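A short write-up of the structure that comes next.
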Amino acid sequence: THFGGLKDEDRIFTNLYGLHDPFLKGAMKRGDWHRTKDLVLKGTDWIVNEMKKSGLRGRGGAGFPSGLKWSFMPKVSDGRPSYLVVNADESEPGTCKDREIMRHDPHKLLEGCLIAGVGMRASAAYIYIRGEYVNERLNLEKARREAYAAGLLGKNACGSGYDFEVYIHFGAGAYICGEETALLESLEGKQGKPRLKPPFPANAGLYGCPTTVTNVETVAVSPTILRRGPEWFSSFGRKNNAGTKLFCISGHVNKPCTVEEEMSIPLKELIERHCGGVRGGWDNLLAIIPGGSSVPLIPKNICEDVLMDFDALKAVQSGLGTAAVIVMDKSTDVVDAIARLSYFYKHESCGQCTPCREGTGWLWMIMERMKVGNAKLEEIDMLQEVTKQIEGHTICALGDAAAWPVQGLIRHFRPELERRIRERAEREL
Amino acid sequence: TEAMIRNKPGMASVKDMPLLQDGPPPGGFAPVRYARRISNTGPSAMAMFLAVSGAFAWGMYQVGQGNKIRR
Ligand SMILES: Cc1cc2nc3c(=O)[nH]c(=O)nc-3n(C[C@H](O)[C@H](O)[C@H](O)COP(=O)(O)O)c2cc1C
Ligand code: SF4
């Protein structure tokens with residue numbers, strides 16, 4: 001078909017821009033907490049089944065099919081109280097879609113905590129707010145106190161027979177702590193250092209108890225996915241990728257904004273319609289980082305007709321992460337921008353594993369050389385090889401997230417890197 | 001390393017490294033002789049016998065004349 005058009009009655013995250021009251025008496029008017037008693041009474045298997053049928057995929061960088069992820073949790077509880085850590089923490093460069101759910105309609109996030117908790121047989125939800133979101137977690141603790149006073153959460157899930165309580169943890173400025181296997185530890189009290197995957201969080205995660213880490217957007221669309229139609233949700237986007245992603249058009253657009261819109265939308269259509277347009281017209285575009293910062297670039301010659309869905313952007317030698325589209329026009333120093341991205345991945349890398357801990361400082365040094373031109377024309381092949389040495393070997397996908405920006409920069413703008421290097425050479429002598 | 005040991009300011013690339021080491025000059029060295037050039041330009045078989053025989057023919061006549069003078 002032809003995607004992109006989402007009508008104001010189809011946007012799931014109403015009160016995104018905080019125009020209306022976020023808390024109760026303002027959330028019940030937006031349908032929040034509408035009839036969750038019935039949903040909880042409809043059971044856990046029905047919730048998982050409707051989430052799988054709705055084809056909701058991971059709103060976070062992983063892109064995993066939710067629901068199927070929620071079916072990983074154990075059915076019969078063997079004494080370990082299954083938890084539900086909500087990955088409120090983002091810290092991905094470009095990504096504010098979580099910041100508009102923690103505040104500005106947080107009750108959708110709390111009701112999603114509850115509905116996913118009954119969905120995955122959980123017993124408590126730890127909304128891991130990003131550390132810097134102080135005002136956001138204050139709004140969320142206000143809404144949590146409300147949903148506790150209104151009998152929604154705690155010792156009876158919205159009057160139902162489900163004991164489910166939402167506790168609000170908050171980290172402290174660490175993009176690495178945001179990872180699924182590192183959220184469990186940074187919340188366990190230890191450092192935010194990921195654990196290896198052979199113990200999966202669904203098998204032994206938080207406190208060793210089973211758990212599933214869900215981004216706020218996936219857990220927060222869960223309520224309206226169930227209350228509305230799972231067929232209605234899956235009616236958006238392409239076949240596999242389906243839903244209404246919450247985008248964040250980040251930089252070098254004349255009107256930067258985060259706006260919810262149907263997935264599989266043409267990136268050019270999103271840019272030209274909602275956020276205005278690439279500063280100086282579309283012909284001024286240089287590159288676009290379509291996902292968060294954990295995704296390769298798009299050099300504007302494959303950015304005209306690329307759709308903002310997981311599958312197509314993966315097929316374009318890139319990825320749709322948090323869909324925090326970062327736009328860069330012909331006026332920016334794209335090598336300097338990717339150098340600052342690699343500096344970010346050097347800073348926010350908990351250093352647990354050698355391939356990332358060291359090679360990311362290495363990538364930052366090579367990028368801060370190539371952005372001046374101090375390198376040699378064969379280093380652009382070392383940089384590719386260094387990134388491919390980091391990629392598959394790191395404990396978590398941060399290694400990926402640090403090798404992918406530089407890999408995409410090389411793959412696409414190798415002419416510009418080589419030009420800077422040759423210009424440095426001719427500047428000498 | 002090995003691009004920070006052989007600098008050659010500029011060079012834009014890992015090739016074109018200085019690479020100045022010992023070797024023959026452009027065009028090689030001169031053609032060096034190895035054969036045995038032993039010049040046989042001496043007195044021949046004759047001219048040596050005929051110098052000896054000639055010395056005997058005249059010098060012994062001189063010995064004779066000296067014997068005549070001494071006698
Ligand atoms: C490199 C990397 C970056 C991540 N970035 C985010 C992020 O920005 N936001 C988030 O909620 N989770 C993030 N995560 C955690 C997971 O990838 C995933 O987003 C989360 O555990 C579940 O989200 P989902 O249920 O929507 O797939 C990140 C993990 C890795 C390894
Ligand atoms: S070194 Fe990189 S991959 Fe390893 S735990 Fe730290 S951030 Fe994750």
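Residue by residue, here is whether (1) within 14 Å of chain B (Cβ to nearest Cβ); (2) within 11 Å of ligand 1 (Cβ to nearest atom); (3) surrounded by 24 or more Cβ atoms within 10 Å (Cβ to Cβ); (4) part of a helix (DSSP H, G or I) holds:
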| residue | (1), (2), (3), (4) |
| --- | --- |
| A:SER91 | no, yes, no, no |
| A:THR95 | no, yes, yes, no |
| A:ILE101 | no, yes, yes, yes |
| A:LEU110 | no, no, yes, yes |
| A:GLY117 | no, no, yes, yes |
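If I filter the stretch A:336-385 down to residues being under 24 Å from the mean Cα position of the chain (by Cα), aromatic (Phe, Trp, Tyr) and surrounded by fewer than 21 Cβ atoms within 10 Å (Cβ to Cβ), which single residue comes out as farthest from ligand 2 (Cβ to nearest atom)?
Residue satisfying both the conditions and the ranking: A:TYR343.
List, please: which pairs have Cβ atoms under 7 Å, are six or more places apart or on different chains, and start with a residue in the stretch A:198-217 that is under 15 Å from A:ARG121 (Cβ atoms) and end with one that is within 16 Å of ligand 2 (Cβ to nearest atom) and of a type in the set (D, E, K, R)?
A:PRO201/A:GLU180; A:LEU206/A:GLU188
Within the stretch A:50-65, can one find any residue that is away from ligand 1 (no atom under 16 Å from the Cβ), in contact with a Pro (Cβ under 7 Å, 6 or more places away or on another chain) and in contact (Cβ under 8 Å) with a residue 40 or more places away in the chain?
Checking the stretch A:50-65: at least one residue is away from ligand 1 (no atom under 16 Å from the Cβ), in contact with a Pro (Cβ under 7 Å, 6 or more places away or on another chain) and in contact (Cβ under 8 Å) with a residue 40 or more places away in the chain.
Would you pick out the residues in the stretch A:315-334 that are in a helix (DSSP H, G or I) and in contact with a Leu (Cβ under 7 Å, 6 or more places away or on another chain)?
Scanning the stretch A:315-334 gives a single hit, A:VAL334.
Hey, among A:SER235, A:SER250, A:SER293, which residue is among the polar types (S, T, N, Q) and free of Cβ contacts under 8 Å to residues at least 40 places away in the same chain?
On inspection, the qualifying residue turns out to be A:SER235.
Does the stretch B:42-49 include one or more residues that are part of a loop (DSSP other than H, G, I, E, B) and under 30 Å from A:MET382 (Cβ atoms)?
The answer is no; no qualifying residue exists.
Can you tell which of A:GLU385, A:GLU423, A:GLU418, A:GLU368 is in a helix (DSSP H, G or I), away from chain B (no Cβ under 14 Å) and under 24 Å from B:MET11 (Cα atoms)?
Matching residue, one of A:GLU385, A:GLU423, A:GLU418, A:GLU368: A:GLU368.
May I ask you to list the residues in the stretch A:171-185 that are within 12 Å of ligand 1 (Cβ to nearest atom), within 16 Å of A:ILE395 (Cα to Cα) and not β-branched (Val, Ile, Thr)?
Those that are within 12 Å of ligand 1 (Cβ to nearest atom), within 16 Å of A:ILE395 (Cα to Cα) and not β-branched (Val, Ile, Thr): A:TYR175, A:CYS177, A:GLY178, A:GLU179, A:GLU180, A:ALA182, A:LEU183, A:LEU184.
What's the number of the only condition in (1) among the β-branched types (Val, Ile, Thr); (2) within 14 Å of ligand 2 (Cβ to nearest atom); (3) within 13 Å of chain B (Cβ to nearest Cβ) that A:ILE390 fails to meet?
The one condition A:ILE390 does not meet is (3).
So which residues in the stretch A:56-90 are in contact with a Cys (Cβ under 8 Å, 6 or more places away or on another chain) and of a type outside the set (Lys, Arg)?
A:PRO81, A:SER82, A:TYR83, A:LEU84, A:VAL86, A:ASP89, A:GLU90
Being in contact with a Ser or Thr (Cβ under 8 Å, 6 or more places away or on another chain), farther than 25 Å from A:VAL216 by Cα and either of a type in the set (A, V, I, L, M, F, W, C) or surrounded by fewer than 18 Cβ atoms within 10 Å (Cβ to Cβ) (or both), is that true of even one residue in the stretch A:314-335?
Taking every residue of the stretch A:314-335 in turn, none turns out to be in contact with a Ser or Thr (Cβ under 8 Å, 6 or more places away or on another chain), farther than 25 Å from A:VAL216 by Cα and either of a type in the set (A, V, I, L, M, F, W, C) or surrounded by fewer than 18 Cβ atoms within 10 Å (Cβ to Cβ) (or both).
We place every Cβ from the backbone using ideal geometry, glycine too, and count neighbours over all the protein chains shown. Computed from the coordinates by the stated procedures, all read-outs in this text should not be read as laboratory data.
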